[PDB]
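I have placed the structure first, in the form of structure tokens, so that the comments after it can refer back to it.
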Amino acid sequence: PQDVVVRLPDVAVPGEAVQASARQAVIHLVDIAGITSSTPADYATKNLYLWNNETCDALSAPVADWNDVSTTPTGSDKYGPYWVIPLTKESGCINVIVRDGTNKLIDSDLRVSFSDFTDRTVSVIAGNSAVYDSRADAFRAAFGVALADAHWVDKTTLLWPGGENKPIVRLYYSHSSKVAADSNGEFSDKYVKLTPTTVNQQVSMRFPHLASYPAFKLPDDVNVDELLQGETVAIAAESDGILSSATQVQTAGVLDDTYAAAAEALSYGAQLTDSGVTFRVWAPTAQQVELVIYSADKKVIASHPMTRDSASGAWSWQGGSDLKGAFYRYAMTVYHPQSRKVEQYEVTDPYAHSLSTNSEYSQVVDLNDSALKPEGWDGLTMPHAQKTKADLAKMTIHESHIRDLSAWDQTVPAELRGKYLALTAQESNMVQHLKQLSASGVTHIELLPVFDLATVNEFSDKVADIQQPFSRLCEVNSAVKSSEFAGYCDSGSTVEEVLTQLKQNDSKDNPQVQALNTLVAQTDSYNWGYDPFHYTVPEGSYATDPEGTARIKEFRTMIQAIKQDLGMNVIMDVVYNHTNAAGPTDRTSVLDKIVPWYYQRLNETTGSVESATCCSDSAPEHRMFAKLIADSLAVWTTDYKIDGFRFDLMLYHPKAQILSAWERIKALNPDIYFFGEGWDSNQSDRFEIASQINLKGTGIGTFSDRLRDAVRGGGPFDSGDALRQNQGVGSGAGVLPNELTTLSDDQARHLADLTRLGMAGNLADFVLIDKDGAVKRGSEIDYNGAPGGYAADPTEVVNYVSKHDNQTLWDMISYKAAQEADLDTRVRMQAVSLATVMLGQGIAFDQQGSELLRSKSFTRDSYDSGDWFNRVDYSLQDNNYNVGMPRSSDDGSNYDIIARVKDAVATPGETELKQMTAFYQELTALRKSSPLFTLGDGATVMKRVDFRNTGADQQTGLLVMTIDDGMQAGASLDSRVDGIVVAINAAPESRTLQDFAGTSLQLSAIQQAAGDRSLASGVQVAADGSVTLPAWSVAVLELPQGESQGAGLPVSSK
Ligand SMILES: OC[C@H]1O[C@@H]2O[C@H]3[C@H](O)[C@@H](O)[C@@H](O[C@H]4[C@H](O)[C@@H](O)[C@@H](O[C@H]5[C@H](O)[C@@H](O)[C@@H](O[C@H]6[C@H](O)[C@@H](O)[C@@H](O[C@H]7[C@H](O)[C@@H](O)[C@@H](O[C@H]1[C@H](O)[C@H]2O)O[C@@H]7CO)O[C@@H]6CO)O[C@@H]5CO)O[C@@H]4CO)O[C@@H]3CO
Ligand SMILES: OC[C@H]1O[C@@H]2O[C@H]3[C@H](O)[C@@H](O)[C@@H](O[C@H]4[C@H](O)[C@@H](O)[C@@H](O[C@H]5[C@H](O)[C@@H](O)[C@@H](O[C@H]6[C@H](O)[C@@H](O)[C@@H](O[C@H]7[C@H](O)[C@@H](O)[C@@H](O[C@H]1[C@H](O)[C@H]2O)O[C@@H]7CO)O[C@@H]6CO)O[C@@H]5CO)O[C@@H]4CO)O[C@@H]3CO
Ligand SMILES: [Ca+2]
Ligand SMILES: [Ca+2]
Ligand SMILES: [Ca+2]
Ligand SMILES: [Ca+2]
Ligand SMILES: [Ca+2]
């Protein structure tokens, strides 16, 4: 009405002042402030500081004297000065700092690369590190839309820095095109006016990382629905109406404030009801949603405009029951801020529960149909209780992958290899071995991603695996024909045969096994699968038939076989912390095509999707993604009967969201167990992260890296010689040093503190004697600066010495073992390492194949290293060690230490594999042989668990843990013993325990039964009660119980 028009400056868009000639570059400085003319500006003090280094050396006559300010403009016009800079060449780059006198106008060393700017004529603006190809580009950067640092966070609140102390602050909006200056240089699109305000108490709680932003108020009567359906741009301008800045707007907060309450009350996806099928998708900013129905062979057979619910922003449509089994997509008409286009594209359902091949179409499914269930499904029971804390503590996890299990097993029928259904091949080597492990006390199979991953092509015609002819690899992988292995295209042999042949002359100098495998990896069936395409459909490539609903019944047939034939519970790895892709174009961008910029976490200034997870970071702090996560877990829980969930990068989730999700799932099944990897995501400024520290008391488990690093040695980022120098307790730190290490006795005793603390459940308040003889709480033992112990209960701690990521335990032992440790001794180092986990109070977790000395040929990160490096040989011929140098892209800087250590001893064969398996099953049998091993409750651990051989004069490497079942502990939780002693002698010397002299201690019956094959072979208990431990041994001893609960092994009050 009376409002002043916002406009561009009343000056033209500038052309170039000069263009560089030969052996010249030209830099324009675009004088934004003086473009708002007034005074004819003076550029005499403007100058360039120019110098040559090794990166950029194309300057003819640089002057290194920083106090020389004589490189003043060559000329100037109304848009600013410019510099003609002589060069020695027209390739490369030059270094420049843009100054007024000795003050930098741009606080950033500038690179001007002649490759990026071919005409070598660039423009820059004060207070801006960007180099522009032209003055027009730079001009439109200053007077044009840029970045996205405005945040519309609820109905009436915009947070934006660009607005602070400006006469005009307005929220412009255009339904159908990009807000831009019109032909009169004016911004004539509709706008809402914003007045300064103060951030409110609940916005600052919601977005703490934004609470220091200049706040602004919208009229209470603004119709948010209309603004949110197109582009919105926050604009600020001076008194005269000249644009000061303009930026795109992030709207996830106001979307939640507007719609989330209503939208959370609805159910989503294609849902079978009484009357028929209800489709519902959440798309609060979409202009149109059309439900497209497809025939089996993917012809459109109907297209239905959906009904928008204005309270929720959800779109719904109702049709007949005959739509069960039909394929469908949502045809979206929606503005995407990244492209600033009203996009039109068909997207699969984020609540899809069935998919076509390679996830191209979603499919209507009723998971309850008996046709999709194996016989007996509805009565499938959990073979291991998870109700009490003592129940949870018994959990003993075997972390497995669908291809790692069966890809190599000739006794698995060929068509089931690398498939869910391989777990049904009851006579196979793999299933029999798993059945043996279960009988001995492995309780849980944990499955690497078996939700719908993106990074395997489910069209089998497009895939070549190493068991197929090399000619098939050349057919599907067009890079092989121009590679140095092209000659094998005609060879008539398989890829597996070629890789084997390449072993012979493979070395750090000729890494040819790895070279061929990198090409194999692009088109094979192999990936860990941490690449979410759809969260609540099984992966299709693990199915015999990926087209439609078949995968659902095969997945359940697998789940049933694991629980019912193998006797184990099932944990799923889940990856809700990121999506595989974002933006409006990428094939696997689903969530971000339907509600752009809502499901991804964005940079607060640029609005780019963050990638701290690896990929496209998600936003579980946002309410409708929290609901998606929880609804997703409900399907896996109820419809697939999953006993627990391991959250990948759980630290990227809010603690409140994880706990919310968990309460939601416990209402379905109270015994469901949640845990994850809870490091530091660097998100604590946005919310309270779900980290090891913050989850104390909550009952949410976390992987503990404390005992892990103490027993393995070093840490996951070690490289080069450090891989060998950093020995662990399991590999003889301080007692059997290798030729490189400098580990001191103090350092070795510190690792033993971390190990003891972990064997008592890594509790914050457990009290032990440390390396110096000092009394310490678990939280007082240092771990790389953090409090070491952090939990309230041992069930909150998952101990392990090996996992899918980072090197296998055997490869660590190979890096670190002294040259004098022979093969048999390294096998005992492996079992000694695993004993710290298996006999500890924390939940026990292990990588598939540790019982077979599993190797990945030193591969640190094998996620895409194929069948070759991830092989597990259930025919027990070898442990996959020394099968070629690992991938150079990630382990090249370790080739030197690998070649130095690799051949110290023979590669394990069947004799060593069987011995390790017996050791492993001995350990797992011991773990479940008494309730004392798995007390579950932190206060109960504190009252019953203690250690001998502590303090500054301990025998290094001897771990002696006592577990009290005598009167002062309380109740006798174990009818056969008054106490247990665990002795792990990780040392080359035989040792004698006198702590139990005169006490009637005796060796556990399990170990006596193993005899010569026991980890305790040769242990001697003398008449006086002194115990002699062999080198590299594990012994479990017990005080036999009498007619009543005895004195046992009382914990000392320290
Ligand atoms: O070999 C010298 C140097 O070469 C390269 O530096 C570039 C640099 O990247 C450009 O930015 C520019 O440097 C300018 C600065 O931009 C400008 O601000 C000013 O620097 C002042 C500093 O702000 C101020 O701290 C102080 O510098 C000290 C400094 O604190 C000391 O630590 C010491 O610096 C040494 C560096 O630590 C060392 O790495 C190396 O520097 C390299 C650099 O690696 C490379 O990127 O050597 C220096 C010592 O020679 O000494 C100085 C003592 O003054 O004071 C200066 C103002 O005097 O000025 C510099 C240029 O003089 O250009 C340089 C290339 O010249
Ligand atoms: O985060 C980027 C990272 O991505 C991948 O790493 C994985 C890794 O495979 C997993 O083990 C896990 O890492 C966890 C650890 O399990 C956990 O212990 C903790 O790590 C701490 C270390 O124990 C401790 O030594 C220290 O690490 C330092 C380290 O000495 C530095 O070198 C530096 O690390 C950098 C790496 O060198 C670099 O390769 C990359 O890491 C990638 C990695 O390549 C990939 O496989 O970037 C990091 C930058 O941080 O700094 C760190 C810390 O400053 O401290 C750490 C941190 O507490 O936590 C980590 C995860 O944070 O998960 C990661 C991520 O998926
Ligand atoms: Ca140019
Ligand atoms: Ca898939
Ligand atoms: Ca692959
Ligand atoms: Ca951040
Ligand atoms: Ca007892």
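Each chain of the structure tokens is named A, B, ... in the order shown, its residues numbered from 1; ligands are numbered from 1 in display order.
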Just list as a PyMOL selection string whatever in stretch 227-459 of chain A DSSP marks as alpha helix (DSSP H). chain A and resi 227+252-255+261-263+389-393+402-406+429-439
Keeping only C-alpha atoms, write the selected residues as a PDB file, in the first residue's frame.
```pdb
ATOM      1  CA  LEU A 227       3.595 -19.520   1.083  1.00  0.00           C
ATOM      2  CA  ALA A 252      11.328 -27.650   8.303  1.00  0.00           C
ATOM      3  CA  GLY A 253      10.524 -25.961  11.616  1.00  0.00           C
ATOM      4  CA  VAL A 254       7.376 -24.183  10.473  1.00  0.00           C
ATOM      5  CA  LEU A 255       6.348 -27.369   8.636  1.00  0.00           C
ATOM      6  CA  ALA A 261       0.503 -32.566  15.201  1.00  0.00           C
ATOM      7  CA  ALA A 262      -2.168 -33.535  12.667  1.00  0.00           C
ATOM      8  CA  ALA A 263       0.110 -35.591  10.372  1.00  0.00           C
ATOM      9  CA  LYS A 389      18.734 -57.354  32.761  1.00  0.00           C
ATOM     10  CA  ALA A 390      20.239 -60.786  33.481  1.00  0.00           C
ATOM     11  CA  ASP A 391      18.492 -62.008  30.329  1.00  0.00           C
ATOM     12  CA  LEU A 392      19.988 -59.212  28.225  1.00  0.00           C
ATOM     13  CA  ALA A 393      23.480 -59.743  29.651  1.00  0.00           C
ATOM     14  CA  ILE A 402      24.117 -62.559   3.771  1.00  0.00           C
ATOM     15  CA  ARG A 403      26.905 -63.082   1.225  1.00  0.00           C
ATOM     16  CA  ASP A 404      29.693 -63.569   3.763  1.00  0.00           C
ATOM     17  CA  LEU A 405      27.635 -66.509   5.067  1.00  0.00           C
ATOM     18  CA  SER A 406      27.069 -68.519   1.903  1.00  0.00           C
ATOM     19  CA  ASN A 429      28.763 -76.595   6.197  1.00  0.00           C
ATOM     20  CA  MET A 430      27.691 -73.049   7.061  1.00  0.00           C
ATOM     21  CA  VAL A 431      24.390 -73.910   8.729  1.00  0.00           C
ATOM     22  CA  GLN A 432      25.877 -76.877  10.652  1.00  0.00           C
ATOM     23  CA  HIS A 433      28.707 -74.660  11.921  1.00  0.00           C
ATOM     24  CA  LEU A 434      26.141 -72.049  12.992  1.00  0.00           C
ATOM     25  CA  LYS A 435      24.101 -74.757  14.727  1.00  0.00           C
ATOM     26  CA  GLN A 436      27.253 -75.851  16.578  1.00  0.00           C
ATOM     27  CA  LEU A 437      28.006 -72.269  17.600  1.00  0.00           C
ATOM     28  CA  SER A 438      24.461 -71.899  18.894  1.00  0.00           C
ATOM     29  CA  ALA A 439      24.501 -75.114  20.923  1.00  0.00           C
TER      30      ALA A 439
END
```
All residues having an atom within 8 Å of ligand 1 (only C-alpha atoms and all ligand atoms) as JSON, numbers by chain: {"A": [49, 50, 51, 52, 53, 64, 65, 66, 67, 97, 104, 108, 109]}
Can I get the selected residues back with N, CA, C and O atoms, as a PDB file, in the first residue's frame?
```
ATOM      1  N   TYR A  49      48.503  -7.982  -3.348  1.00  0.00           N
ATOM      2  CA  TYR A  49      49.690  -8.688  -2.894  1.00  0.00           C
ATOM      3  C   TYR A  49      49.769  -9.998  -3.674  1.00  0.00           C
ATOM      4  O   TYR A  49      48.852 -10.830  -3.601  1.00  0.00           O
ATOM      5  N   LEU A  50      50.851 -10.167  -4.430  1.00  0.00           N
ATOM      6  CA  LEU A  50      51.011 -11.276  -5.363  1.00  0.00           C
ATOM      7  C   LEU A  50      52.327 -11.990  -5.079  1.00  0.00           C
ATOM      8  O   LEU A  50      53.374 -11.346  -4.968  1.00  0.00           O
ATOM      9  N   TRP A  51      52.278 -13.315  -4.970  1.00  0.00           N
ATOM     10  CA  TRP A  51      53.483 -14.085  -4.690  1.00  0.00           C
ATOM     11  C   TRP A  51      53.360 -15.461  -5.327  1.00  0.00           C
ATOM     12  O   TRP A  51      52.258 -15.994  -5.470  1.00  0.00           O
ATOM     13  N   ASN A  52      54.500 -16.035  -5.696  1.00  0.00           N
ATOM     14  CA  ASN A  52      54.559 -17.394  -6.224  1.00  0.00           C
ATOM     15  C   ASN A  52      54.984 -18.387  -5.143  1.00  0.00           C
ATOM     16  O   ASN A  52      55.977 -18.163  -4.445  1.00  0.00           O
ATOM     17  N   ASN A  53      54.239 -19.489  -5.022  1.00  0.00           N
ATOM     18  CA  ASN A  53      54.708 -20.637  -4.248  1.00  0.00           C
ATOM     19  C   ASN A  53      54.793 -21.877  -5.138  1.00  0.00           C
ATOM     20  O   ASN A  53      54.988 -21.767  -6.354  1.00  0.00           O
ATOM     21  N   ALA A  64      57.450 -10.054  -3.008  1.00  0.00           N
ATOM     22  CA  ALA A  64      57.190 -10.731  -1.744  1.00  0.00           C
ATOM     23  C   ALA A  64      57.107  -9.773  -0.565  1.00  0.00           C
ATOM     24  O   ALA A  64      56.646 -10.183   0.508  1.00  0.00           O
ATOM     25  N   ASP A  65      57.523  -8.516  -0.737  1.00  0.00           N
ATOM     26  CA  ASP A  65      57.474  -7.545   0.353  1.00  0.00           C
ATOM     27  C   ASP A  65      56.020  -7.195   0.654  1.00  0.00           C
ATOM     28  O   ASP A  65      55.363  -6.498  -0.125  1.00  0.00           O
ATOM     29  N   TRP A  66      55.522  -7.676   1.792  1.00  0.00           N
ATOM     30  CA  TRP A  66      54.138  -7.420   2.170  1.00  0.00           C
ATOM     31  C   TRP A  66      53.885  -5.933   2.404  1.00  0.00           C
ATOM     32  O   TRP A  66      52.758  -5.456   2.211  1.00  0.00           O
ATOM     33  N   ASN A  67      54.919  -5.182   2.802  1.00  0.00           N
ATOM     34  CA  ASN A  67      54.774  -3.749   3.019  1.00  0.00           C
ATOM     35  C   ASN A  67      54.742  -2.944   1.729  1.00  0.00           C
ATOM     36  O   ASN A  67      54.404  -1.758   1.774  1.00  0.00           O
ATOM     37  N   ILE A  97      46.226 -11.693  -2.658  1.00  0.00           N
ATOM     38  CA  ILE A  97      45.412 -11.123  -1.594  1.00  0.00           C
ATOM     39  C   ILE A  97      45.011  -9.709  -2.008  1.00  0.00           C
ATOM     40  O   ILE A  97      45.859  -8.924  -2.447  1.00  0.00           O
ATOM     41  N   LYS A 104      43.641  -6.444   4.420  1.00  0.00           N
ATOM     42  CA  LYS A 104      42.984  -7.312   3.450  1.00  0.00           C
ATOM     43  C   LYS A 104      41.502  -6.971   3.372  1.00  0.00           C
ATOM     44  O   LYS A 104      40.819  -6.887   4.396  1.00  0.00           O
ATOM     45  N   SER A 108      41.401 -14.097   3.035  1.00  0.00           N
ATOM     46  CA  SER A 108      41.514 -15.433   2.467  1.00  0.00           C
ATOM     47  C   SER A 108      42.485 -15.398   1.296  1.00  0.00           C
ATOM     48  O   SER A 108      42.293 -14.619   0.357  1.00  0.00           O
ATOM     49  N   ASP A 109      43.541 -16.212   1.355  1.00  0.00           N
ATOM     50  CA  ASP A 109      44.444 -16.358   0.222  1.00  0.00           C
ATOM     51  C   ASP A 109      43.661 -16.820  -0.993  1.00  0.00           C
ATOM     52  O   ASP A 109      42.984 -17.851  -0.951  1.00  0.00           O
TER      53      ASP A 109
END
```
Check which residues fall inside 7 Å of ligand 2 when counting only C-alpha atoms and all ligand atoms, and print them as an MDAnalysis selection string. chainID A and resid 613 649 679:681 705 715:717 784 805:806 861
Export, as an mmCIF file, in the first residue's frame, the selected residues with N, CA and C atoms.
```cif
data_model
loop_
_atom_site.group_PDB
_atom_site.id
_atom_site.type_symbol
_atom_site.label_atom_id
_atom_site.label_comp_id
_atom_site.auth_asym_id
_atom_site.auth_seq_id
_atom_site.Cartn_x
_atom_site.Cartn_y
_atom_site.Cartn_z
ATOM 1 N N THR A 613 27.853 -38.202 7.955
ATOM 2 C CA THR A 613 27.712 -39.643 8.119
ATOM 3 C C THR A 613 28.498 -40.418 7.070
ATOM 4 N N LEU A 649 25.508 -45.280 13.490
ATOM 5 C CA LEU A 649 25.744 -43.889 13.865
ATOM 6 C C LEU A 649 24.592 -43.309 14.701
ATOM 7 N N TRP A 679 29.267 -42.513 19.334
ATOM 8 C CA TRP A 679 30.434 -41.641 19.462
ATOM 9 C C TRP A 679 30.028 -40.177 19.599
ATOM 10 N N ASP A 680 30.837 -39.285 19.005
ATOM 11 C CA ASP A 680 30.557 -37.852 18.922
ATOM 12 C C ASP A 680 30.318 -37.491 17.456
ATOM 13 N N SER A 681 29.060 -37.177 17.136
ATOM 14 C CA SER A 681 28.619 -36.816 15.798
ATOM 15 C C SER A 681 28.869 -35.357 15.478
ATOM 16 N N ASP A 705 34.170 -48.850 22.829
ATOM 17 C CA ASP A 705 35.487 -48.887 22.214
ATOM 18 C C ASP A 705 36.634 -48.947 23.234
ATOM 19 N N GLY A 715 44.260 -47.969 17.677
ATOM 20 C CA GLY A 715 42.949 -47.457 17.368
ATOM 21 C C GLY A 715 42.689 -47.553 15.879
ATOM 22 N N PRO A 716 41.426 -47.377 15.478
ATOM 23 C CA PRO A 716 41.054 -47.627 14.068
ATOM 24 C C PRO A 716 41.707 -46.688 13.052
ATOM 25 N N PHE A 717 42.276 -45.563 13.472
ATOM 26 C CA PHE A 717 42.922 -44.665 12.529
ATOM 27 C C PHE A 717 44.437 -44.839 12.444
ATOM 28 N N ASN A 784 41.587 -41.953 26.016
ATOM 29 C CA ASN A 784 41.866 -40.906 25.038
ATOM 30 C C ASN A 784 41.295 -39.559 25.480
ATOM 31 N N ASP A 805 33.579 -53.500 10.495
ATOM 32 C CA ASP A 805 34.420 -52.370 10.109
ATOM 33 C C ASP A 805 35.743 -52.411 10.876
ATOM 34 N N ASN A 806 36.801 -51.869 10.246
ATOM 35 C CA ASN A 806 38.195 -51.949 10.711
ATOM 36 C C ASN A 806 38.722 -53.376 10.567
ATOM 37 N N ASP A 861 38.798 -51.688 5.509
ATOM 38 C CA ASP A 861 37.429 -51.215 5.274
ATOM 39 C C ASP A 861 36.899 -51.980 4.064
#
```
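Using only C-alpha atoms and all ligand atoms, the shortest contact distance between ligand 4 and any of A:900, A:696, A:653, A:551 is found at A:551.
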Residues within 9 Å of residue A:10, only C-alpha atoms, excluding chain neighbours under 3 positions, as JSON, numbers by chain: {"A": [7, 36, 185, 242]}
May I have the residues from that selection written out with C-alpha atoms, as a short mmCIF file (atom, residue, chain, number, x, y, z; two decimals), in the first residue's frame?
```
data_model
loop_
_atom_site.label_atom_id
_atom_site.label_comp_id
_atom_site.auth_asym_id
_atom_site.auth_seq_id
_atom_site.Cartn_x
_atom_site.Cartn_y
_atom_site.Cartn_z
CA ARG A 7 14.56 -2.92 -5.96
CA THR A 36 25.71 2.78 -4.69
CA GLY A 185 14.61 -4.03 -11.55
CA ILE A 242 17.77 -0.90 -2.33
#
```
Counting only C-alpha atoms and all ligand atoms, what residues are within 7 Å of ligand 4, given as a PyMOL selection string? chain A and resi 358-359+452-458+533+539-541
Identify, on the basis of only C-alpha atoms, every residue whose closest approach to stretch 155-169 of chain A does not exceed 8 Å; exclude the query and any residue fewer than 3 positions from it along the same chain; express the result as a ChimeraX atom specification. /A:149-152,193-196,199,210,213-220,224,234-239,241,245-246,254,257-258
How about saving the chosen residues, C-alpha atoms kept, as a tab-separated table (two decimals), in the first residue's frame?
```tsv
chain	number	residue	atom	x	y	z
A	149	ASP	CA	20.42	-18.75	5.92
A	150	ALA	CA	16.86	-17.69	6.65
A	151	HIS	CA	15.03	-20.18	8.86
A	152	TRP	CA	11.23	-20.16	9.04
A	193	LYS	CA	6.26	-8.11	6.24
A	194	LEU	CA	8.52	-8.96	9.15
A	195	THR	CA	9.18	-6.87	12.24
A	196	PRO	CA	12.05	-7.37	14.73
A	199	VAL	CA	13.43	-15.48	19.93
A	210	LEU	CA	19.84	-20.99	15.97
A	213	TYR	CA	19.92	-15.54	15.25
A	214	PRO	CA	18.22	-12.15	14.71
A	215	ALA	CA	14.51	-12.95	15.13
A	216	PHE	CA	11.52	-11.58	13.19
A	217	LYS	CA	7.74	-11.74	13.49
A	218	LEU	CA	5.10	-12.57	10.88
A	219	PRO	CA	1.52	-11.34	11.22
A	220	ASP	CA	-0.65	-13.83	13.09
A	224	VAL	CA	1.29	-20.34	5.73
A	234	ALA	CA	13.73	-13.56	2.71
A	235	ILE	CA	14.69	-10.08	1.47
A	236	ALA	CA	16.14	-7.10	3.35
A	237	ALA	CA	16.56	-3.59	1.99
A	238	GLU	CA	17.74	-0.10	2.94
A	239	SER	CA	15.52	2.93	3.54
A	241	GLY	CA	14.40	0.25	-0.99
A	245	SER	CA	20.59	-9.17	0.71
A	246	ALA	CA	18.23	-12.02	-0.22
A	254	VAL	CA	7.38	-24.18	10.47
A	257	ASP	CA	4.78	-26.37	13.82
A	258	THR	CA	2.00	-26.27	11.18
```
List all protein, DNA and RNA residues that have at least one atom no more than 8 Å from any atom of ligand 6, counting only C-alpha atoms and all ligand atoms, and write them as a PyMOL selection string. chain A and resi 603+682-683+685-686
